[PDB]
Amino acid sequence: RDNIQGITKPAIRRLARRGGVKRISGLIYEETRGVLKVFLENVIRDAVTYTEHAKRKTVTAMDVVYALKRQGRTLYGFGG
Amino acid sequence: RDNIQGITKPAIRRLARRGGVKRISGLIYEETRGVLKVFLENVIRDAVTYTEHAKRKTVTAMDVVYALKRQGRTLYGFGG
Amino acid sequence: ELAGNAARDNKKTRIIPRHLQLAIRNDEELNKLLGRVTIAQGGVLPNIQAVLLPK
Amino acid sequence: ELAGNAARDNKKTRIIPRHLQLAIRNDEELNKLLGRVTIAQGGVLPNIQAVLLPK
Amino acid sequence: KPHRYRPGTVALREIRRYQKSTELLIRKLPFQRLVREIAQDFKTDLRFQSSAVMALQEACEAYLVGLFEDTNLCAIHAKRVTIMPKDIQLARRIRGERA
Amino acid sequence: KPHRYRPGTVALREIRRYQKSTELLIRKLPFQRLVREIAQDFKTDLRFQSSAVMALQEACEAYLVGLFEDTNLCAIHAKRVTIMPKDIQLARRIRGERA
DNA sequence: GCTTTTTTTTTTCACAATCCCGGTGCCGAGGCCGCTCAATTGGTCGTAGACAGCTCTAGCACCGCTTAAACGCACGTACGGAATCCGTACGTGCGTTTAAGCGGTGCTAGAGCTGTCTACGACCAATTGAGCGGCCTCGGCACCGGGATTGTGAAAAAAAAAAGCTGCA
DNA sequence: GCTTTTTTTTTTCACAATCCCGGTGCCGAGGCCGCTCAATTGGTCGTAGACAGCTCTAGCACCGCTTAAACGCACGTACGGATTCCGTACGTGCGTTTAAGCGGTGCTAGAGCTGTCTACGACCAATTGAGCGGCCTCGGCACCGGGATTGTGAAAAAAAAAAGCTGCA
Ligand SMILES: [Ca+2]
Ligand SMILES: [Ca+2]
Ligand SMILES: [Ca+2]
Ligand SMILES: [Ca+2]
């Protein structure tokens, strides 16, 4: 239905485990989906802008890397 | 001299009031002086760095504006 | 435009730092644009958290 | 130097992202230099809040 | 003699496990389709280098893990062990993500 | 009888007063001496433009006012009305200022 | 049923504080002025990028199999939040103490500008070797298996506190 | 001092996680090619900027008085935090269902390159107005005093409410 639901409750539980969380309200799984969608929205918007500016129909890794740098979340290992 | 005490209790309470604070622990005042001092050391060190690079013996407002911009704390109205 | 309105609403002819600040922080978009910017002699928007108010 | 020592500690002759991540985040100064950087396939430092453990 | 672990014990094992590992924790395909779905809302018929979608995931997972660490402290700060939506909201408020 | 406001009522007045105003709330001289004092650790016999000290003050107070907002939210989050050192500390930990 | 008792609830009633008003007088917004410096106009040369035309990379569609992860659900423990309770930390307001802020004059470090000159980078061409994709091979790391070893809990029976019982000082 | 509940502690079993084997196998580090183009060498030439030398801004410090602000105490309410208590939201551990992932094939959009051409920007020099610093008016804003309005809080009414008293079909 929504691809957002493809980010499942068990995947969310794993992420919060890596972030040291022990116990998790039921409500969080939607809340998380909200945040994550807004995160992607913002990063993808700027990446595609770089794509549209490069006159390409293909979003490169570099497009994302420049988008993630602009958003203050610099990313190493993907052609930085 | 020993001027950090010159950041008085009432002056800390005043700032906190502008920050919407209603009730204030007795321990806040020394804690705030620590933070304020840490804040100043960092801003000033970079200011002074700029001053020294310009071979000057007098800190300018630009030195401070440029330092503040370096701390992600941009200031408008002092030639910025 | 927005800083003038804050002045007129203060019954003043000339824009001051406060007027700019009010104008900027009361507009969602400008507040975003200047989120990491400090406007000197601006002060803050009046905003007391509801739980701190008497009953 | 440090990531190599992290590889030596895991009986690996090859540095991988994790080894760099462990080098950078256990050293105070490097951690601060790259505070706003994400290291791909780096993971996080093993760290569980004290109140979450049993007695 | 059916064995049972107390509530929290497996959670504590999972934390320990996942902190030790570096492998991406969202299933890659549902993620890829979500990236493609959101990308449509800005431009139609968009192609993605596989590495581009991998960057986006590596990025998404680090940020969320990090946010969970900050959220977890907000819960603990309010004398709780259970994270809740308001913990995430305070965290993002203080980080300067939302107003 | 001699008149008396209840605890909390003047605190709210003081808020309304200072949030309305824009003037600096630290006394200018004790601040200036503090600026000169810290500046000695890095380089001795330093002069300061007057505007540089005002800039430094404008910046300090905006930082601290702001920090008190975040702090006040952290106290509220733990169902308290009183700010404490741990509130400031958590706020700063989330902002990334402190480890 | 109704009277009595009691907390709420609600209204009067003083008093502090904050808001508007006009009156005053001072100082920087505002605009005018005359000069200077940077923008424009109108030359020429040069190439940086638009464009076509080609290659061929890697991004998409699609299928079929093997599990592994996702999904419900039965069950109960441990958490959250509500409620009550209580000592004292913090707010409020008082007299007393401090020193900031005010204006002023007096002094001169040094910020800042101008003119000189020279060592240092730019620009160019001929040289030429370090760094380039492109390949090809072997050992370092994934993986499985199994069987210690060590760790880390749960549970179950024991070894101590909690409250409750007196009656008793 | 005893009994009567619940704690807390101590002492067996269980289950995963791990080290240490040993063996196996896969591909990507690792390093060797053979150009190649991008860094070195050499040389000439401009001007960016070190330095002197000067002006004259603004930074500093110092006195002296007024008064607001800070300082320290007494007093007391409401706050933070400790406890007890209850309901069910979560974590656990089964079975059941599903589609992620793997490996493979098949197409072709479109990334990304080479080469050709020229429109569009750097460059220069003469021109010359927009914009600067300097300076002088004059009306908005800072400030004051005084009255009008707002808002809090204590203690005194109105009302509601909640128990004790009487009769009661
Ligand atoms: Ca070209
Ligand atoms: Ca190579
Ligand atoms: Ca309470
Ligand atoms: Ca002017």
# chains A, B, ... in the order shown; residues from 1 in each chain; ligands from 1
$ select_by_dssp --residues "segment 28-96 of chain E" --states "strand (DSSP E or B)" --output "number ranges by chain"
E: 47-48, 82-83
$ write_last_selection --atoms "N, CA, C and O atoms" --output "PDB file, in the first residue's frame"
ATOM      1  N   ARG E  47      15.789   7.345 -12.500  1.00  0.00           N
ATOM      2  CA  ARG E  47      16.616   6.161 -12.330  1.00  0.00           C
ATOM      3  C   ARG E  47      17.604   6.401 -11.201  1.00  0.00           C
ATOM      4  O   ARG E  47      18.011   7.536 -10.941  1.00  0.00           O
ATOM      5  N   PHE E  48      17.951   5.312 -10.524  1.00  0.00           N
ATOM      6  CA  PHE E  48      18.819   5.338  -9.368  1.00  0.00           C
ATOM      7  C   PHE E  48      19.965   4.361  -9.556  1.00  0.00           C
ATOM      8  O   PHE E  48      19.730   3.154  -9.627  1.00  0.00           O
ATOM      9  N   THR E  82      11.078   3.164  28.830  1.00  0.00           N
ATOM     10  CA  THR E  82      10.351   2.998  27.565  1.00  0.00           C
ATOM     11  C   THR E  82      10.366   4.283  26.751  1.00  0.00           C
ATOM     12  O   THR E  82       9.850   5.298  27.215  1.00  0.00           O
ATOM     13  N   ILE E  83      10.934   4.250  25.545  1.00  0.00           N
ATOM     14  CA  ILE E  83      10.849   5.415  24.643  1.00  0.00           C
ATOM     15  C   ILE E  83       9.416   5.604  24.166  1.00  0.00           C
ATOM     16  O   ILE E  83       8.674   4.635  24.018  1.00  0.00           O
TER      17      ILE E  83
END
$ calpha_fit_rmsd --fixed "chain A" --moving "chain B"
0.7 Å
$ residues_around --residues "residue 23 of chain C" --least-positions-apart "6" --cutoff "10 Å" --atoms "only C-alpha atoms (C1' of nucleotides)" --output "PyMOL selection string"
chain C and resi 1-7+17+30-31
$ residues_near_ligand --ligand "ligand 2" --cutoff "8 Å" --atoms "only C-alpha atoms (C1' of nucleotides) and all ligand atoms" --output "PyMOL selection string"
chain G and resi 132-134
$ write_last_selection --atoms "N, CA and C atoms (P, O5', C5', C4', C3', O3' and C1' of nucleotides)" --output "JSON list (two decimals), in the first residue's frame"
[["chain", "number", "residue", "atom", "x", "y", "z"],
["G", 132, "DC", "P", 46.49, 7.97, -9.25],
["G", 132, "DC", "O5'", 45.95, 7.52, -10.69],
["G", 132, "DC", "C5'", 46.35, 8.20, -11.91],
["G", 132, "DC", "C4'", 45.82, 7.49, -13.14],
["G", 132, "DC", "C3'", 44.96, 6.25, -12.88],
["G", 132, "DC", "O3'", 43.60, 6.70, -12.85],
["G", 132, "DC", "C1'", 46.71, 5.73, -14.44],
["G", 133, "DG", "P", 42.39, 5.67, -12.66],
["G", 133, "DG", "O5'", 42.02, 5.32, -14.16],
["G", 133, "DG", "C5'", 41.10, 4.27, -14.45],
["G", 133, "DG", "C4'", 41.52, 3.59, -15.74],
["G", 133, "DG", "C3'", 40.89, 2.21, -15.92],
["G", 133, "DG", "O3'", 40.66, 1.94, -17.31],
["G", 133, "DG", "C1'", 43.24, 1.98, -15.64],
["G", 134, "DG", "P", 39.76, 0.70, -17.75],
["G", 134, "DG", "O5'", 40.83, -0.47, -17.97],
["G", 134, "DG", "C5'", 42.11, -0.26, -18.63],
["G", 134, "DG", "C4'", 42.86, -1.57, -18.75],
["G", 134, "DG", "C3'", 41.99, -2.81, -18.53],
["G", 134, "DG", "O3'", 42.37, -3.86, -19.44],
["G", 134, "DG", "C1'", 43.74, -2.80, -16.94]]
$ calpha_fit_and_write --fixed "chain C" --moving "chain D" --output "PDB file with N, CA and C atoms, in the first residue's frame"
ATOM      1  N   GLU D   1       8.584  44.526   4.459  1.00  0.00           N
ATOM      2  CA  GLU D   1       7.114  44.535   4.440  1.00  0.00           C
ATOM      3  C   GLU D   1       6.548  44.137   5.802  1.00  0.00           C
ATOM      4  N   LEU D   2       7.050  43.028   6.330  1.00  0.00           N
ATOM      5  CA  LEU D   2       6.550  42.461   7.583  1.00  0.00           C
ATOM      6  C   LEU D   2       7.034  43.232   8.803  1.00  0.00           C
ATOM      7  N   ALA D   3       8.320  43.589   8.818  1.00  0.00           N
ATOM      8  CA  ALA D   3       8.881  44.407   9.895  1.00  0.00           C
ATOM      9  C   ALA D   3       8.228  45.804   9.930  1.00  0.00           C
ATOM     10  N   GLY D   4       7.911  46.344   8.752  1.00  0.00           N
ATOM     11  CA  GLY D   4       7.178  47.602   8.639  1.00  0.00           C
ATOM     12  C   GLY D   4       5.813  47.506   9.282  1.00  0.00           C
ATOM     13  N   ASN D   5       5.118  46.401   9.013  1.00  0.00           N
ATOM     14  CA  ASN D   5       3.822  46.122   9.637  1.00  0.00           C
ATOM     15  C   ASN D   5       3.960  45.958  11.148  1.00  0.00           C
ATOM     16  N   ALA D   6       5.073  45.387  11.613  1.00  0.00           N
ATOM     17  CA  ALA D   6       5.394  45.322  13.056  1.00  0.00           C
ATOM     18  C   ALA D   6       5.670  46.689  13.677  1.00  0.00           C
ATOM     19  N   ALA D   7       6.256  47.593  12.896  1.00  0.00           N
ATOM     20  CA  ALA D   7       6.461  48.975  13.322  1.00  0.00           C
ATOM     21  C   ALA D   7       5.142  49.745  13.331  1.00  0.00           C
ATOM     22  N   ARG D   8       4.358  49.629  12.255  1.00  0.00           N
ATOM     23  CA  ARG D   8       2.976  50.165  12.220  1.00  0.00           C
ATOM     24  C   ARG D   8       2.097  49.716  13.389  1.00  0.00           C
ATOM     25  N   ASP D   9       2.273  48.480  13.852  1.00  0.00           N
ATOM     26  CA  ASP D   9       1.501  47.954  14.993  1.00  0.00           C
ATOM     27  C   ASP D   9       1.935  48.521  16.345  1.00  0.00           C
ATOM     28  N   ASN D  10       3.164  49.029  16.437  1.00  0.00           N
ATOM     29  CA  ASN D  10       3.696  49.615  17.676  1.00  0.00           C
ATOM     30  C   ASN D  10       3.702  51.141  17.677  1.00  0.00           C
ATOM     31  N   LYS D  11       3.025  51.737  16.692  1.00  0.00           N
ATOM     32  CA  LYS D  11       2.994  53.184  16.500  1.00  0.00           C
ATOM     33  C   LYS D  11       4.428  53.731  16.463  1.00  0.00           C
ATOM     34  N   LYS D  12       5.215  53.175  15.546  1.00  0.00           N
ATOM     35  CA  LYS D  12       6.555  53.663  15.238  1.00  0.00           C
ATOM     36  C   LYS D  12       6.648  53.833  13.731  1.00  0.00           C
ATOM     37  N   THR D  13       7.255  54.930  13.301  1.00  0.00           N
ATOM     38  CA  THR D  13       7.510  55.172  11.890  1.00  0.00           C
ATOM     39  C   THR D  13       8.879  54.588  11.520  1.00  0.00           C
ATOM     40  N   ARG D  14       9.629  54.101  12.512  1.00  0.00           N
ATOM     41  CA  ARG D  14      10.952  53.549  12.269  1.00  0.00           C
ATOM     42  C   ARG D  14      11.070  52.107  12.721  1.00  0.00           C
ATOM     43  N   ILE D  15      11.539  51.270  11.795  1.00  0.00           N
ATOM     44  CA  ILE D  15      11.869  49.875  12.050  1.00  0.00           C
ATOM     45  C   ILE D  15      13.136  49.824  12.919  1.00  0.00           C
ATOM     46  N   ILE D  16      13.078  48.996  13.963  1.00  0.00           N
ATOM     47  CA  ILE D  16      14.203  48.732  14.875  1.00  0.00           C
ATOM     48  C   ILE D  16      14.441  47.207  14.907  1.00  0.00           C
ATOM     49  N   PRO D  17      15.597  46.757  15.428  1.00  0.00           N
ATOM     50  CA  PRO D  17      15.870  45.326  15.446  1.00  0.00           C
ATOM     51  C   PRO D  17      14.697  44.463  15.873  1.00  0.00           C
ATOM     52  N   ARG D  18      14.050  44.811  16.985  1.00  0.00           N
ATOM     53  CA  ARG D  18      12.870  44.070  17.423  1.00  0.00           C
ATOM     54  C   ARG D  18      11.845  43.874  16.295  1.00  0.00           C
ATOM     55  N   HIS D  19      11.508  44.926  15.559  1.00  0.00           N
ATOM     56  CA  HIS D  19      10.523  44.784  14.479  1.00  0.00           C
ATOM     57  C   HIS D  19      10.938  43.745  13.419  1.00  0.00           C
ATOM     58  N   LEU D  20      12.237  43.681  13.109  1.00  0.00           N
ATOM     59  CA  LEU D  20      12.759  42.675  12.191  1.00  0.00           C
ATOM     60  C   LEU D  20      12.676  41.295  12.817  1.00  0.00           C
ATOM     61  N   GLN D  21      13.090  41.191  14.080  1.00  0.00           N
ATOM     62  CA  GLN D  21      12.993  39.931  14.829  1.00  0.00           C
ATOM     63  C   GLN D  21      11.560  39.389  14.861  1.00  0.00           C
ATOM     64  N   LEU D  22      10.587  40.242  15.198  1.00  0.00           N
ATOM     65  CA  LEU D  22       9.167  39.851  15.219  1.00  0.00           C
ATOM     66  C   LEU D  22       8.641  39.443  13.843  1.00  0.00           C
ATOM     67  N   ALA D  23       9.123  40.096  12.784  1.00  0.00           N
ATOM     68  CA  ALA D  23       8.737  39.737  11.410  1.00  0.00           C
ATOM     69  C   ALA D  23       9.259  38.365  11.034  1.00  0.00           C
ATOM     70  N   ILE D  24      10.549  38.159  11.276  1.00  0.00           N
ATOM     71  CA  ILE D  24      11.226  36.915  10.915  1.00  0.00           C
ATOM     72  C   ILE D  24      10.714  35.708  11.720  1.00  0.00           C
ATOM     73  N   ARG D  25      10.572  35.837  13.036  1.00  0.00           N
ATOM     74  CA  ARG D  25      10.210  34.685  13.883  1.00  0.00           C
ATOM     75  C   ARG D  25       8.726  34.294  13.905  1.00  0.00           C
ATOM     76  N   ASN D  26       7.813  35.196  13.545  1.00  0.00           N
ATOM     77  CA  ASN D  26       6.383  34.847  13.448  1.00  0.00           C
ATOM     78  C   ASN D  26       6.024  34.271  12.068  1.00  0.00           C
ATOM     79  N   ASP D  27       6.904  34.468  11.080  1.00  0.00           N
ATOM     80  CA  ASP D  27       6.744  33.865   9.755  1.00  0.00           C
ATOM     81  C   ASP D  27       7.517  32.565   9.713  1.00  0.00           C
ATOM     82  N   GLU D  28       6.842  31.485   9.331  1.00  0.00           N
ATOM     83  CA  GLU D  28       7.448  30.156   9.375  1.00  0.00           C
ATOM     84  C   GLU D  28       8.689  30.057   8.504  1.00  0.00           C
ATOM     85  N   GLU D  29       8.601  30.558   7.275  1.00  0.00           N
ATOM     86  CA  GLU D  29       9.650  30.312   6.293  1.00  0.00           C
ATOM     87  C   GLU D  29      10.908  31.123   6.555  1.00  0.00           C
ATOM     88  N   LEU D  30      10.754  32.418   6.797  1.00  0.00           N
ATOM     89  CA  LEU D  30      11.903  33.262   7.157  1.00  0.00           C
ATOM     90  C   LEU D  30      12.625  32.735   8.398  1.00  0.00           C
ATOM     91  N   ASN D  31      11.848  32.403   9.430  1.00  0.00           N
ATOM     92  CA  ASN D  31      12.357  31.800  10.669  1.00  0.00           C
ATOM     93  C   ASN D  31      13.267  30.609  10.359  1.00  0.00           C
ATOM     94  N   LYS D  32      12.832  29.759   9.426  1.00  0.00           N
ATOM     95  CA  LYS D  32      13.612  28.596   9.017  1.00  0.00           C
ATOM     96  C   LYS D  32      14.858  28.967   8.226  1.00  0.00           C
ATOM     97  N   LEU D  33      14.739  29.953   7.338  1.00  0.00           N
ATOM     98  CA  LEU D  33      15.887  30.450   6.569  1.00  0.00           C
ATOM     99  C   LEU D  33      16.999  31.011   7.470  1.00  0.00           C
ATOM    100  N   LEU D  34      16.598  31.678   8.554  1.00  0.00           N
ATOM    101  CA  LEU D  34      17.520  32.319   9.492  1.00  0.00           C
ATOM    102  C   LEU D  34      17.448  31.650  10.858  1.00  0.00           C
ATOM    103  N   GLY D  35      17.381  30.322  10.856  1.00  0.00           N
ATOM    104  CA  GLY D  35      17.295  29.554  12.083  1.00  0.00           C
ATOM    105  C   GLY D  35      18.564  29.649  12.898  1.00  0.00           C
ATOM    106  N   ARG D  36      19.711  29.648  12.218  1.00  0.00           N
ATOM    107  CA  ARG D  36      21.023  29.651  12.886  1.00  0.00           C
ATOM    108  C   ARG D  36      21.676  31.039  12.960  1.00  0.00           C
ATOM    109  N   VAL D  37      20.849  32.081  12.842  1.00  0.00           N
ATOM    110  CA  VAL D  37      21.259  33.478  12.863  1.00  0.00           C
ATOM    111  C   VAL D  37      20.698  34.121  14.134  1.00  0.00           C
ATOM    112  N   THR D  38      21.495  34.981  14.774  1.00  0.00           N
ATOM    113  CA  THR D  38      21.042  35.821  15.892  1.00  0.00           C
ATOM    114  C   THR D  38      20.880  37.267  15.402  1.00  0.00           C
ATOM    115  N   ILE D  39      19.731  37.872  15.701  1.00  0.00           N
ATOM    116  CA  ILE D  39      19.469  39.263  15.353  1.00  0.00           C
ATOM    117  C   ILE D  39      19.712  40.134  16.581  1.00  0.00           C
ATOM    118  N   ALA D  40      20.716  41.001  16.478  1.00  0.00           N
ATOM    119  CA  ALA D  40      21.150  41.833  17.591  1.00  0.00           C
ATOM    120  C   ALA D  40      20.019  42.707  18.092  1.00  0.00           C
ATOM    121  N   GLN D  41      19.908  42.813  19.417  1.00  0.00           N
ATOM    122  CA  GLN D  41      18.856  43.588  20.077  1.00  0.00           C
ATOM    123  C   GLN D  41      17.459  43.195  19.574  1.00  0.00           C
ATOM    124  N   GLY D  42      17.297  41.908  19.271  1.00  0.00           N
ATOM    125  CA  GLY D  42      16.057  41.380  18.706  1.00  0.00           C
ATOM    126  C   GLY D  42      15.073  40.905  19.762  1.00  0.00           C
ATOM    127  N   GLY D  43      15.596  40.291  20.824  1.00  0.00           N
ATOM    128  CA  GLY D  43      14.765  39.701  21.874  1.00  0.00           C
ATOM    129  C   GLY D  43      14.102  38.420  21.400  1.00  0.00           C
ATOM    130  N   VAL D  44      13.148  37.940  22.188  1.00  0.00           N
ATOM    131  CA  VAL D  44      12.456  36.691  21.882  1.00  0.00           C
ATOM    132  C   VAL D  44      10.945  36.884  21.803  1.00  0.00           C
ATOM    133  N   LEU D  45      10.260  35.928  21.169  1.00  0.00           N
ATOM    134  CA  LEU D  45       8.799  35.963  21.061  1.00  0.00           C
ATOM    135  C   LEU D  45       8.153  35.590  22.403  1.00  0.00           C
ATOM    136  N   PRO D  46       7.160  36.391  22.860  1.00  0.00           N
ATOM    137  CA  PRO D  46       6.455  36.111  24.121  1.00  0.00           C
ATOM    138  C   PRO D  46       5.833  34.730  24.109  1.00  0.00           C
ATOM    139  N   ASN D  47       6.359  33.841  24.956  1.00  0.00           N
ATOM    140  CA  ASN D  47       6.018  32.418  24.899  1.00  0.00           C
ATOM    141  C   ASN D  47       6.326  31.658  26.199  1.00  0.00           C
ATOM    142  N   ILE D  48       5.272  31.390  26.971  1.00  0.00           N
ATOM    143  CA  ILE D  48       5.373  30.762  28.288  1.00  0.00           C
ATOM    144  C   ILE D  48       4.742  29.396  28.204  1.00  0.00           C
ATOM    145  N   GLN D  49       5.483  28.372  28.621  1.00  0.00           N
ATOM    146  CA  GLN D  49       4.993  26.991  28.575  1.00  0.00           C
ATOM    147  C   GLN D  49       3.718  26.817  29.413  1.00  0.00           C
ATOM    148  N   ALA D  50       2.765  26.069  28.858  1.00  0.00           N
ATOM    149  CA  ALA D  50       1.399  25.958  29.394  1.00  0.00           C
ATOM    150  C   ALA D  50       1.321  25.463  30.842  1.00  0.00           C
ATOM    151  N   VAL D  51       2.106  24.437  31.153  1.00  0.00           N
ATOM    152  CA  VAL D  51       2.221  23.903  32.522  1.00  0.00           C
ATOM    153  C   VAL D  51       2.752  24.886  33.566  1.00  0.00           C
ATOM    154  N   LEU D  52       3.410  25.954  33.116  1.00  0.00           N
ATOM    155  CA  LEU D  52       3.923  26.978  34.017  1.00  0.00           C
ATOM    156  C   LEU D  52       2.857  27.996  34.435  1.00  0.00           C
ATOM    157  N   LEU D  53       1.793  28.156  33.649  1.00  0.00           N
ATOM    158  CA  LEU D  53       0.707  29.079  34.004  1.00  0.00           C
ATOM    159  C   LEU D  53      -0.112  28.553  35.206  1.00  0.00           C
ATOM    160  N   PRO D  54      -0.867  29.433  35.897  1.00  0.00           N
ATOM    161  CA  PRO D  54      -1.820  28.972  36.920  1.00  0.00           C
ATOM    162  C   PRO D  54      -3.095  28.409  36.282  1.00  0.00           C
ATOM    163  N   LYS D  55      -4.031  27.928  37.099  1.00  0.00           N
ATOM    164  CA  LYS D  55      -5.164  27.113  36.602  1.00  0.00           C
ATOM    165  C   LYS D  55      -6.286  27.911  35.918  1.00  0.00           C
TER     166      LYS D  55
END
$ calpha_fit_and_write --fixed "chain F" --moving "chain E" --output "short mmCIF file (atom, residue, chain, number, x, y, z; two decimals) with C-alpha atoms, in the first residue's frame"
data_model
loop_
_atom_site.label_atom_id
_atom_site.label_comp_id
_atom_site.auth_asym_id
_atom_site.auth_seq_id
_atom_site.Cartn_x
_atom_site.Cartn_y
_atom_site.Cartn_z
CA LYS E 1 -2.82 43.88 55.63
CA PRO E 2 0.79 43.37 54.35
CA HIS E 3 0.48 42.31 50.70
CA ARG E 4 2.20 39.10 49.48
CA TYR E 5 2.37 37.45 46.00
CA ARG E 6 2.45 33.62 45.88
CA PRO E 7 5.63 31.79 44.77
CA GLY E 8 5.65 31.87 40.95
CA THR E 9 3.55 35.01 40.47
CA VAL E 10 6.43 37.51 40.27
CA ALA E 11 8.49 35.03 38.24
CA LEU E 12 5.58 34.97 35.78
CA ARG E 13 5.58 38.83 35.75
CA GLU E 14 9.35 38.87 35.14
CA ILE E 15 9.11 36.40 32.24
CA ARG E 16 6.43 38.55 30.61
CA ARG E 17 8.50 41.69 31.15
CA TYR E 18 11.83 40.36 29.89
CA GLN E 19 10.36 38.62 26.80
CA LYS E 20 8.88 42.04 25.83
CA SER E 21 12.22 43.85 26.17
CA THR E 22 15.42 43.60 24.13
CA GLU E 23 18.00 45.24 26.43
CA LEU E 24 21.05 43.24 27.50
CA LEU E 25 20.51 41.55 30.88
CA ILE E 26 24.08 41.08 32.18
CA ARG E 27 25.77 44.16 33.65
CA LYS E 28 28.13 45.34 30.93
CA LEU E 29 31.32 46.06 32.98
CA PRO E 30 31.57 42.71 34.88
CA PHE E 31 31.03 41.13 31.42
CA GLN E 32 33.74 43.25 29.80
CA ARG E 33 36.25 42.33 32.53
CA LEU E 34 35.37 38.59 32.09
CA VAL E 35 35.99 38.87 28.31
CA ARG E 36 39.32 40.62 29.01
CA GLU E 37 40.23 38.04 31.71
CA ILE E 38 39.63 35.04 29.35
CA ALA E 39 41.31 36.82 26.39
CA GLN E 40 44.54 37.02 28.43
CA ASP E 41 44.79 33.19 28.48
CA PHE E 42 45.37 33.28 24.67
CA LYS E 43 47.21 36.62 24.24
CA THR E 44 48.51 39.26 26.71
CA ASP E 45 48.01 43.03 26.29
CA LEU E 46 44.96 42.68 24.03
CA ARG E 47 42.76 45.64 23.15
CA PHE E 48 39.06 45.42 22.42
CA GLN E 49 36.93 47.70 20.27
CA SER E 50 33.85 48.44 22.43
CA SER E 51 31.68 46.99 19.60
CA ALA E 52 33.70 43.72 19.81
CA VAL E 53 32.81 43.26 23.50
CA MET E 54 29.18 44.20 22.65
CA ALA E 55 29.03 41.55 19.90
CA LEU E 56 30.38 39.01 22.38
CA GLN E 57 27.64 39.96 24.89
CA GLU E 58 24.78 40.04 22.37
CA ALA E 59 26.11 36.61 21.35
CA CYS E 60 26.51 35.26 24.92
CA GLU E 61 23.04 36.39 25.94
CA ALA E 62 21.17 34.98 22.90
CA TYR E 63 22.87 31.54 23.24
CA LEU E 64 22.12 31.30 27.00
CA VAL E 65 18.52 32.50 26.66
CA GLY E 66 18.11 29.91 23.89
CA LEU E 67 19.70 27.21 26.05
CA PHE E 68 17.30 28.11 28.88
CA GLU E 69 14.35 27.53 26.50
CA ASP E 70 15.72 24.06 25.66
CA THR E 71 16.59 23.39 29.30
CA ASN E 72 13.08 24.44 30.37
CA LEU E 73 11.55 21.79 28.09
CA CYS E 74 13.86 19.12 29.59
CA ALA E 75 12.56 20.03 33.07
CA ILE E 76 8.91 19.99 31.94
CA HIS E 77 9.58 16.70 30.09
CA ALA E 78 10.58 15.14 33.46
CA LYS E 79 7.31 16.40 35.00
CA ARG E 80 8.96 19.36 36.75
CA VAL E 81 8.69 23.14 36.68
CA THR E 82 12.18 23.75 38.22
CA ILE E 83 15.22 23.73 35.89
CA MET E 84 18.25 21.81 37.24
CA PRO E 85 21.88 21.19 36.15
CA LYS E 86 20.96 17.81 34.61
CA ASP E 87 18.40 19.60 32.35
CA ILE E 88 21.16 21.86 30.97
CA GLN E 89 23.39 18.77 30.52
CA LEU E 90 20.82 16.74 28.56
CA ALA E 91 20.09 19.79 26.39
CA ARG E 92 23.77 20.37 25.50
CA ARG E 93 24.22 16.59 25.01
CA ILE E 94 21.35 16.55 22.46
CA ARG E 95 22.48 19.83 20.82
CA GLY E 96 25.90 18.19 20.29
CA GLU E 97 27.80 20.67 22.46
CA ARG E 98 29.22 18.10 24.88
CA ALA E 99 29.71 14.34 24.58
#
$ select_by_dssp --residues "chain F" --states "helix (DSSP H, G or I)" --output "VMD selection string"
chain F and resid 9 to 20 28 to 42 50 to 77 85 to 95
$ residues_near_ligand --ligand "ligand 3" --cutoff "10 Å" --atoms "only C-alpha atoms (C1' of nucleotides) and all ligand atoms" --output "ChimeraX atom specification"
/F:79-80 /G:83-84 /H:78-81
$ atom_distance --atom1 "atom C1' of residue 131 of chain G" --atom2 "atom CA of residue 80 of chain A"
20.3 Å
$ residues_around --residues "residue 104 of chain G" --least-positions-apart "4" --cutoff "12 Å" --atoms "only C-alpha atoms (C1' of nucleotides)" --output "MDAnalysis selection string"
chainID H and resid 62:64
$ residues_near_ligand --ligand "ligand 1" --cutoff "10 Å" --atoms "only C-alpha atoms (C1' of nucleotides) and all ligand atoms" --output "number ranges by chain"
G: 47-49; H: 114-115
$ closest_atom_pairs --of "chain H" --to "chain B" --cutoff "10 Å" --atoms "only C-alpha atoms (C1' of nucleotides)" --output "CSV"
residue,atom,partner,partner_atom,distance
H:59,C1',B:58,CA,8.8
H:69,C1',B:10,CA,9.4
H:70,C1',B:10,CA,7.8
H:79,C1',B:23,CA,9.6
$ residues_near_ligand --ligand "ligand 4" --cutoff "12 Å" --atoms "only C-alpha atoms (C1' of nucleotides) and all ligand atoms" --output "ChimeraX atom specification"
/G:28-33 /H:131-136
